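One protein chain, two forms: both are listed below as structure tokens, the first as structure 1 and the second as structure 2.
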Structure 1
């Protein structure tokens, strides 16, 4: 309840509520032409309802390789659970994970500093997160080392040649795709997960039979645990602990690793 946590939003969850295509909040959008010079723009998704309090925010980065598939589906799916979601446009000029990390941070800076007042009136600037696909997932990792005050990080089929992440202090949930040949889990996702501190709240979820572009298509297994991770760490909402610990065992999941329980 709200008494023990002022950041709780929405009714008490179930497996069904985390799997829902839309949560309890209706969602509005705001296009942004540019959030920083050189970095391009994106789309902000925000809950319309203000009567439960302000919300944390997640910036969402795409990958590098050409694909008309996108990150847009995360926008309303996640925002409708009570979050501000800023999907960042593709940018072929940013060809390194560190650049995508800086892009993620610039997007968050914009949200906090000078986004439309409708968004800022709904925003808790102290509770921010990053998520990204592929090189953008590498960027999520990079962003957390650059900004350890972030509340959560979700690298989706992440790609990064830097394999060492022992300095990450932000709760990190890595999603891998079994059949990924672009960011293979054996040399990307798994070494990232294993290098994160043993005392970090962390998880690794691998999707059975999934290709590299699985995160670009609506996927309930991804969504339900992304939602649960953001709830648990951006909102400190322990009502969502039930879905994260003990480890998920959904049929769609190849393997799950975690540092449960999350104190």
Structure 2
């Protein structure tokens, strides 16, 4: 209930609600020009209804050679659960993970400092998160080292040649694709996960049979746990702990690792 947490948004969740293509909030968009400073522009998805209060935000980066269109399905699927979701483009499609991390932070700065009134009035600037695919997932990790005040980080089939993330202090949920040949889980996702502190709230979800591009098309297993992670950590919403702990056992999941419970 709202009395025990001012950040709770939407009705009490069910497996149905977290798997839904659209959550309880209707969503509008604002397009941001690529000539915005610090990143390549993007699309801001935001909840229209303001009667429950302001929302946290997640900036969402694509991978190498890719654009925001590869991540577009996250926009309304996650925003309709009560989040501002900014699917960005990078300065160039060839940008590397550190560059992508800086651009994720620039996108969040844009929301806080430069966005239209419609967005700015709906945003709690104290509750921000990052998510990204592949090199953008590497970027999500990088952004958390740069800005430890982030509330959550979701590296999706992440790629990074930097394998060590022990200094990360932000709750991090890594999603791996079992059969990824571009960022193989053996040398990317798994070592990133194991390198994160064992006292950090964290999880690793590996998708059975999945390729590197699994995160680029609607995937209910990805969506329901992305939503739950952001709820738990951006909103401190413990109504969603039930889906994260104990570890999920969905058939689509090859394996799940976590530091449950998240005190």
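Residue numbers count along the first chain shown, from 1. For the two forms, the rigid core is made up of the largest set of C-alpha atoms that agree within 1.5 Å on superposition.
In the overlay on the core between structure 1 and structure 2, a shift of 2 Å or more in CA position is seen for a single residue of 43, 65, 238, 220, which is 65. Comparing the forms between structure 1 and structure 2 on their rigid core, the Cα displacement of residue 91 reaches 2 Å or more. In this overlay on the rigid core, residue 34 has a C-alpha that sits 2 Å or more away from its partner position between structure 1 and structure 2.
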